[PDB]
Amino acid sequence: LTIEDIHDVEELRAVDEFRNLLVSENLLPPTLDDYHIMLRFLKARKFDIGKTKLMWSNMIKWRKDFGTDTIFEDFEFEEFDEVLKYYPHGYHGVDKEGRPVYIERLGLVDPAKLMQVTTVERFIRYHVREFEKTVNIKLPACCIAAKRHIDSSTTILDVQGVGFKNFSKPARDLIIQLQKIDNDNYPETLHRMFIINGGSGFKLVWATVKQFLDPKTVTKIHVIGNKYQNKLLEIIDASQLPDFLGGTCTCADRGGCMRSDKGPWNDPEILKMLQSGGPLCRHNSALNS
């Protein structure tokens, strides 16, 4: 199967020069020997080979110390159904460019009930296990469905009713911790973010959070008030957008859009193409031979 994957000659050179540096210092596990993973790290440090190597070796040590390589089999997150009741979030369909759409209903987060049913450390380990599923299953499924290389998501954060007066220091610190793990270990995986239903109460929440965010991440974020539905329908087809966000989707047979995990990673023919299929990238295939 032929997937649209344009490589720039200048990027092909830089990534191979980075790969040769990693091999010569035994910093390249075969699991991470992928043109596109290395390209994301190089982009995160503006193709500075020395800063990217330091970022890379920090990530290798992090995967070792965290237990990231074995998290699917090791981490049984038994409180998942209770957590999801007090923090509604999920992937739901694809945007018009084939990227997965990730939604969080932050207006419906119950922080007190959430700390009754999990811990911050367990929630973060669940975040890492879901990220591993996103980069190994969900993004490659989107590559197949669109016949195009995809490795980043469109995020919608619904912040209805969220105001600065109820924006707590533990809420801030979780955002910091989640972003630190994402920026260190999953770089360049956010394409864009739409923050919707922001009230006048939200202006100081966004002010204070931007002080802690990677400034490249800030440039990918759009904060919208109550009139958001047409902006989401411009970039996401109505069939892929839940009806509560202005689309047609109800996922009624699966108990609703925030629980269905709807997307091409649920299709058995696409998942067979991942397990059976030869590499999604021609440069990896040519390095192998």
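For every residue, the number given is its place in the sequence shown, counted from 1.
For the pair 242 to 250 and 24 to 32, the mean Cα B-factor is higher in 24 to 32. When the C-alpha B-factors of 258 to 266 and 65 to 73 are averaged, 65 to 73 comes out higher.
Ranking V109, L174, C142, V162 by the C-alpha B-factor listed in the PDB entry places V109 at the top. When the C-alpha B-factors of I137, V117, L190, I156 are ranked from the entry, the top spot goes to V117. Ranked by Cα temperature factor within the chain, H222 sits in the middle third according to the deposited record.
Among all modelled residues in this chain, the alpha-carbon of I49 has a temperature factor (C-alpha) in the highest third. Among the modelled residues of its chain, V9 has a C-alpha B-factor that falls in the middle third, as given in the PDB entry. Annotation for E121: CA B-factor lies in the highest third of the chain's modelled residues. Placement of the Cα temperature factor of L271 within the chain: lowest third of the modelled residues, per the deposited record.
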